[PDB]
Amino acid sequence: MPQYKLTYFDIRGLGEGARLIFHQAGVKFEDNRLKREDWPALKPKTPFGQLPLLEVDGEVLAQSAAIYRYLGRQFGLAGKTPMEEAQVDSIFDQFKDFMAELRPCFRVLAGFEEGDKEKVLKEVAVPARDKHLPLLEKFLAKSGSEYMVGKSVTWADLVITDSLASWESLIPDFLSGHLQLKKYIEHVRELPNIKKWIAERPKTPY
């Protein structure tokens, strides 16, 4: 019977991954969404000067992926064997590589930063998309099941599909050409607890 507090900004972003993992498992936690007002005071008190942070009975854990994995293993959403857990880690790291291409160009694409959206799409987004999506889809085809690894949902599934779904809003036809991913995203987000959470969670830009 452990007590959980997640500290992140109002947006979904990196924090949403943890939230999704809680709601899937049906585990209650404090969704501490932090006001911009309070960030300057908290920042120097954090391990690395950033959020998200997970508090577990007082103890602090930083870095989102470490948070995802910790929650995943605690809730049996990490894989049924040691090699499976690794395969889960593996596919998410590849997703992380993909994100490493896109995220630095997010704000120009969202319009928050001055720049040539059309250029970025052709010179950064669409090439990244074209390289990485086939690799995620290939991996997904190993399984034959509806998930990247195993016959049931894992934490990597929850975080990946949510992020891809959101990026579909910034980039038209982002998933066009990859229906196996489109189904995969449709499936995970139709899971009852996820489906519920998506309906109730705050509407934020990203």
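In this text, residue numbers run from 1 along the sequence as written.
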| Between 93-101 and 131-139, which has the higher average C-alpha B-factor in the PDB entry? | 131-139
| What stretch has the higher average Cα B-factor here, 170-178 or 65-73? | 170-178
| query | Considering only 50, 32, 152, 163, which residue's Cα atom bears the greatest B-factor as recorded? | reply | 152
| request: Within this chain's modelled residues, let me know which third the CA B factor of residue 19 belongs to: lowest, middle or highest. | output: lowest
| Hey, what third does residue 86 fall into on Cα B-factor, ranked over its chain? | lowest
| Lowest, middle or highest third - CA B-factor, residue 1 | highest
